[PDB]
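Notes to accompany the following structure.
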Amino acid sequence: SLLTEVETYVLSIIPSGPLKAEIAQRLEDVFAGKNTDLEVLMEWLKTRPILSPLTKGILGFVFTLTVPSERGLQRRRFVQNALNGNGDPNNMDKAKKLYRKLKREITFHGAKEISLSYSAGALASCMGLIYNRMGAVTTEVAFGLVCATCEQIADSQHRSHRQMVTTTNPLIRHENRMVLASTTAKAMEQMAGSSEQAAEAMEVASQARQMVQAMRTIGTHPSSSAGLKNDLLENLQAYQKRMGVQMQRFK
Amino acid sequence: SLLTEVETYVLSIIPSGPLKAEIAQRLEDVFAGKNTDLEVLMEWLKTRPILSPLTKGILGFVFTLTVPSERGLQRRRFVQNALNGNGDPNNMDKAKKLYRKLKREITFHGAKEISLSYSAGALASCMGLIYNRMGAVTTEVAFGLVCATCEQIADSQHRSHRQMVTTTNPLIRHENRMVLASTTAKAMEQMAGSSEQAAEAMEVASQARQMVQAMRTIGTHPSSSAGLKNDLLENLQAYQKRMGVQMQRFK
Amino acid sequence: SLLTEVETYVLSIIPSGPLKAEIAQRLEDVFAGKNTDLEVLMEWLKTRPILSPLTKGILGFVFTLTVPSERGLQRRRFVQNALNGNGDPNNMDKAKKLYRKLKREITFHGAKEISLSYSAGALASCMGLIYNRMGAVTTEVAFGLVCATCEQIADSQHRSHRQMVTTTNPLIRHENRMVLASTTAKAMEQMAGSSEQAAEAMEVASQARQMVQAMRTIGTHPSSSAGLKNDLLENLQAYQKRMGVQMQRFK
Amino acid sequence: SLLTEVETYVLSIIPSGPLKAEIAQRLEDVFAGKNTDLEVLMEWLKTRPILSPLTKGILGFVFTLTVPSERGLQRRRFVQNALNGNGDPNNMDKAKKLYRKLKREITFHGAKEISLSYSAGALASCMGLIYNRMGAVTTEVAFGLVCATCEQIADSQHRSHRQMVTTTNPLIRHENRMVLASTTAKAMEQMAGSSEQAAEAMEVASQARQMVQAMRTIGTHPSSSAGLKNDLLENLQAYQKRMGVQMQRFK
Amino acid sequence: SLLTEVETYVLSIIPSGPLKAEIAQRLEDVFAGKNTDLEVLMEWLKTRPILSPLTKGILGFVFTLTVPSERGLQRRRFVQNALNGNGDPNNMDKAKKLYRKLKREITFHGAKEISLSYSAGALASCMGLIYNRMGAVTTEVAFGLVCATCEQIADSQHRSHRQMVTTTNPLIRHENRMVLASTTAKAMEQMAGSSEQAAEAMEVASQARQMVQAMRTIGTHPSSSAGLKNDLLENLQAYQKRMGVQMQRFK
């Protein structure tokens with residue numbers, strides 16, 4: 001498919017959080033064709049929290065093609081300013097070399113290959129060029145390009161969140177055990193509320209949010225959070241395993 | 001048959017999604033002869049999301065012949081501009097060589113053979129020529145041509161989605177496991193709602209949309225989605241197997 | 001028909017507004033033959049707002065032929081001055097070449113063809129010549145000429161409102177969202193007042209005129225009008241859809 | 001359209017306030033053709049509050065063309081003095097270069113293009129020239145010019161209200177929170193009075209005008225207005241959201 | 001906006017009290033355009049209580065431009081005498097340097113910038129110069145100047161009410177607790193009288209005006225007013241919180 005190969009190369013560049021859980025409803029209802037509007041979506045996406053201007057741009061290049069109409073309205077400025085890359089003079093023709101190449105392709109992987117064998121930042125300049133003409137580059141090709149633009153990025157993270165240096169301090173490794181549990185427990189309040197019982201594991205999750213409120217409220221020793229996530233899951237490995245979704249995945 | 005050999009060569013060029021699930025209702029109700037209009041259909045098809053201008057053209061060449069009347073109205077422009085191919089001077093006569101050949105045939109496969117033994121892009125120029133005269137080429141022949149025009153395309157994809165290069169990153173292979181499940185689970189909410197129970201597998205599918213909302217909401221590790229689609233199907237391999245449609249097909 | 005092929009080639013040259021909604025009642029009641037007078041109509045048409053002197057002329061050449069009598073009164077001057085084209089010496093005979101050609105035809109499309117294969121401005125000189133003799137050119141032929149004179153114009157706009165350059169500023173794209181809604185909402189006050197309820201959507205439309213009065217009265221940010229028309233229609237997609245006319249056409 | 005592309009390029013140069021909410025009723029009833037007079041309108045527009053003499057001039061060049069008659073009365077002086085630009089000798093011919101160019105055009109965007117590729121202040125000199133002859137420049141062309149004259153202005157603001165330097169003082173940032181709320185609350189008294197209840201949110205808005213009267217009456221600390229607009233909207237996000245217009249737009 | 005950026009730079013220079021609560025109704029009804037007169041307003045503003053002659057002048061320079069007419073009457077003398085600054089010979093040309101600069105600008109922030117990069121008292125001399133000619137300085141520019149003139153002032157206070165030296169005496173810190181409460185309680189009598197109950201918190205506020213009358217009537221010890229404001233608010237944190245405006249803002 002082609003729409004389950006674009007959300008994948010688009011949702012993998014966004015940080016993890018309720019932003020990515022909302023965007024993935026907009027992208028969903030955009031493809032399906034619900035009653036939606038663009039300038040609503042582009043304003044909601046310009047005010048946003050943490051998001052690279054490049055990443056606010058790609059999602060503007062996406063929602064402008066996918067939407068059920070050819071509005072052709074004022075090409076919004078946060079995108080056109082985002083995809084130039086602060087005007088690098090050394091790729092103005094390189095993008096045009098690519099824009100004139102991609103004008104010839106008709107399939108998806110034909111473009112993603114050509115665009116991968118290319119720089120990691122001049123692709124945006126082509127995307128900011130297609131965001132001004134969009135005349136002979138069909139949308140399948142363009143999705144081949146953003147899937148390359150966003151794969152050069154996703155590899156930038158995979159070479160980063162693997163080259164990390166884990167922490168030695170206990171204070172920080174105490175809070176990480178509290179965050180993960182207080183976070184994981186807030187989800188389980190939601191994953192259960194849409195179920196039939198919603199009364200045995202909504203509580204087992206709430207108290208592990210209270211117990212974490214207490215440690216911060218008491219100044220407890222960092223040797224107390226040890227085994228807090230995995231001890232939460234075990235207590236609702238019965239209710240929220242078959243009367244819920246599943247477990248041994250959140251850890 | 002002849003109408004179950006035209007939807008096949010027309011629905012195989014369109015990307016996969018709710019577009020193709022809607023088009024295949026328009027093509028259905030067009031052949032059957034329900035109360036339908038053309039300029040409605042041609043406007044709805046001009047505003048559309050991802051679709052090659054060539055592919056917006058073929059479907060205009062189809063719906064103009066299949067519709068229960070000979071309107072002969074203004075030959076809409078997105079088609080006539082789409083099927084010329086940006087005016088290639090090297091096939092103006094080659095199409096006319098074909099247009100004068102196809103004028104002689106009376107059967108379907110007689111045209112699809114002749115049109116296959118020919119270029120992959122000059123066929124459109126003939127189709128844009130039949131879209132201006134349509135005088136001695138019966139509709140059976142024309143359907144022989146679009147079935148060739150769209151088989152040269154469907155082979156272009158089969159030589160593309162087989163020459164692909166699978167991904168190595170886990171972030172991207174984490175999202176693909178979320179998309180496929182969140183997508184597959186949205187269908188099962190629909191394939192069940194038209195059934196008698198609609199209450200055991202509509203939930204088993206909804207929670208696997210919630211559990212996927214949680215991972216994005218938590219930033220879970222990419223080793224958690226492993227076995228999420230096939231683990232969904234197993235939990236409604238009982239309800240949505242005999243009280244539904246069938247399974248072990250979606251994977 | 002012949003009168004539904006003259007209002008079409010005459011109402012397509014007039015700008016959009018209450019002028020065109022009034023003219024199309026005069027042209028209607030002229031053909032039907034209601035109790036009407038000419039010099040009333042020609043005075044009302046000389047004082048008018050935005051209208052090309054050429055376009056004030058064609059409508060004088062129309063209403064003078066269509067009216068239920070052969071007055072033959074003083075050929076009013078705003079027309080005769082409008083159709084000469086500021087006295088081009090290079091078409092005085094070309095029009096007379098056409099006036100002597102059109103004297104031979106008896107059908108409509110026979111004239112519209114001959115007059116199309118001709119200049120875009122010497123046609124008026126023929127029309128200003130027929131506006132002085134009108135002796136052997138039957139009215140069917142003359143309507144063949146104005147339908148050509150006004151098709152050379154309507155193509156001038158189609159090559160203009162398609163070659164436009166959309167706006168980038170938000171202030172201007174903020175007001176356009178206010179105009180379209182405040183305009184569209186004034187119509188819906190009228191399209192509902194001639195109905196049975198006239199009380200649920202007359203209000204839903206009035207408040208969206210008040211909310212737009214407020215933004216101008218407050219100096220609101222240009223990211224507030226986003227989704228104002230389409231948000232209006234949705235709120236009276238229930239009342240003014242079946243207890244009214246129809247929708248999803250105004251957008 | 002052409003009248004929804006003139007109010008947009010005319011209402012975007014006027015400051016925000018009840019002036020712009022009144023002008024946009026005059027421009028509305030002028031196009032529609034209600035019983036209106038010019039010298040009333042030109043006197044009402046000469047006495048006015050804050051408005052650039054240039055901006056008082058453009059609206060005189062507009063209302064003189066749009067009005068349902070060709071009065072041709074004494075060309076009022078606040079316009080003719082406004083559009084010369086204090087007699088710049090370096091554009092007397094440049095305007096005449098433009099006046100002789102625009103005499104040839106028949107469409108709208110043909111003029112707006114030509115007039116954009118030109119100075120930002122010599123356009124007025126052409127407009128003050130058309131305000132003295134108005135002989136071969138049709139009104140469509142002239143509206144193409146004011147839409148350019150007023151786009152050179154609207155870009156002057158967009159390069160100004162974006163280059164602003166936000167305030168650091170709390171006293172000033174205390175009053176801005178009071179103005180916006182006391183202003184926004186006065187509108188909501190009006191947007192509700194034309195509704196059925198007009199009794200739950202007319203009060204919720206009035207008290208937030210009283211609470212702001214109190215701070216000025218008490219000399220309250222600048223850390224009290226923090227969250228006053230958005231706290232107002234929340235209290236009538238129930239009444240004045242569906243029994244009114246809409247919200248989350250005024251902020 | 002431009003009128004919600006002038007009341008802010010004008011109401012921030014006036015002391016806090018019923019003066020500022022009245023002025024902010026005059027400025028409001030001036031912009032909106034109610035039936036108002038100038039010489040009424042300028043007399044009411046000349047007799048006034050505490051107000052710097054400079055501050056009585058700026059508000060005369062404001063109300064003279066904002067008012068719906070061009071009276072051009074006798075330039076009232078309390079302004080013209082106020083804005084010269086007791087005739088400083090060392091800025092007669094500096095203002096004229098500014099008056100000739102500001103004659104060139106057309107936008108607001110363009111003037112406020114230029115006028116900020118300038119003295120804190122020669123701005124008035126320019127304002128007293130514009131109060132005599134007002135010929136080529138549009139009102140938008142002038143409002144750019146008073147917004148600078150009054151920002152040099154508002155910073156003078158922010159460098160004053162922050163450099164204060166708090167009091168050590170208890171007698172004075174006893175009365176301040178009585179004033180704030182007796183003042184705050186008089187407002188709450190008003191903020192409640194425009195509500196539905198006006199009977200539970202109008203009394204809770206009146207008695208805290210009586211209890212303060214008693215201390216003055218008894219000569220009570222300064223350790224009795226401690227916790228009088230915050231103890232008042234708590235007793236009508238129920239009535240005058242949802243059946244009123246809001247609280248925890250007055251402290």
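Please note that chains go A, B, ... in the order of the structure tokens, that every chain numbers its residues from 1, and that ligands are numbered from 1 in the order shown.
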Define the interface residues of chain C facing chain D as those within 7 Å, counting only C-alpha atoms, and report them as a count of residues only. 30
Residues near region 88-103 of chain C, anyone? I mean within 8 Å using only C-alpha atoms, not counting same-chain ones fewer than 5 positions away, as a PyMOL selection string. chain C and resi 111+115+122-123+125-126+129-130+136-137+141
Selection from above, C-alpha atoms, as a PDB file, in the first residue's frame, can you write it?
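Everything below was put into out-v1.pdb:
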ATOM      1  CA  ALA C 111     -23.657  32.810 -37.723  1.00  0.00           C
ATOM      2  CA  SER C 115     -18.404  35.235 -36.306  1.00  0.00           C
ATOM      3  CA  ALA C 122     -14.579  44.008 -34.930  1.00  0.00           C
ATOM      4  CA  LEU C 123     -17.707  42.029 -34.075  1.00  0.00           C
ATOM      5  CA  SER C 125     -18.522  47.235 -35.132  1.00  0.00           C
ATOM      6  CA  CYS C 126     -20.866  44.885 -36.983  1.00  0.00           C
ATOM      7  CA  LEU C 129     -23.846  48.529 -37.818  1.00  0.00           C
ATOM      8  CA  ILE C 130     -26.847  46.260 -37.306  1.00  0.00           C
ATOM      9  CA  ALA C 136     -32.048  41.856 -43.654  1.00  0.00           C
ATOM     10  CA  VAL C 137     -30.285  40.362 -40.615  1.00  0.00           C
ATOM     11  CA  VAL C 141     -28.581  35.683 -36.768  1.00  0.00           C
TER      12      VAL C 141
END
Which residues in region 115-187 of chain C does DSSP call helix (DSSP H, G or I)? List them as a PyMOL selection string. chain C and resi 115-116+122-130+139-149+151-158+170-187
Need to verify the contact set: residue 80 (chain B), 6 Å, only C-alpha atoms, exclusion of same-chain residues closer than 3 positions in sequence. Can you return it as number ranges by chain? B: 77, 83, 128
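Here CA of residue 35 (chain B) stands at a distance of 24.2 Å from CA of residue 134 (chain B).
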Give me the residues within 9 Å of residue 54 (chain A) as a PDB file with N, CA, C and O atoms, in the first residue's frame, counting only C-alpha atoms and dropping any in the same chain fewer than 5 places off.
ATOM      1  N   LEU A  59       4.603  18.026   7.260  1.00  0.00           N
ATOM      2  CA  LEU A  59       3.196  17.765   7.502  1.00  0.00           C
ATOM      3  C   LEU A  59       2.294  18.784   6.827  1.00  0.00           C
ATOM      4  O   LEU A  59       1.094  18.537   6.676  1.00  0.00           O
ATOM      5  N   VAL A  79       5.667  26.738   6.156  1.00  0.00           N
ATOM      6  CA  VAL A  79       6.199  25.635   5.370  1.00  0.00           C
ATOM      7  C   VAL A  79       7.265  26.139   4.414  1.00  0.00           C
ATOM      8  O   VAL A  79       8.407  25.668   4.417  1.00  0.00           O
ATOM      9  N   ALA A  82      10.266  26.886   5.952  1.00  0.00           N
ATOM     10  CA  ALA A  82      10.873  25.759   6.643  1.00  0.00           C
ATOM     11  C   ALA A  82      11.671  24.860   5.723  1.00  0.00           C
ATOM     12  O   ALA A  82      12.668  24.277   6.159  1.00  0.00           O
ATOM     13  N   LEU A  83      11.253  24.738   4.472  1.00  0.00           N
ATOM     14  CA  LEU A  83      11.799  23.751   3.563  1.00  0.00           C
ATOM     15  C   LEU A  83      12.931  24.289   2.701  1.00  0.00           C
ATOM     16  O   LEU A  83      13.569  23.510   1.989  1.00  0.00           O
ATOM     17  N   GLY A  85      15.643  25.690   4.059  1.00  0.00           N
ATOM     18  CA  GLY A  85      16.854  25.414   4.811  1.00  0.00           C
ATOM     19  C   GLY A  85      17.726  26.625   5.054  1.00  0.00           C
ATOM     20  O   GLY A  85      18.955  26.502   5.063  1.00  0.00           O
ATOM     21  N   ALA A 124      14.485  18.808   1.094  1.00  0.00           N
ATOM     22  CA  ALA A 124      13.515  19.807   1.520  1.00  0.00           C
ATOM     23  C   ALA A 124      13.389  20.931   0.502  1.00  0.00           C
ATOM     24  O   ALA A 124      12.285  21.424   0.244  1.00  0.00           O
TER      25      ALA A 124
END
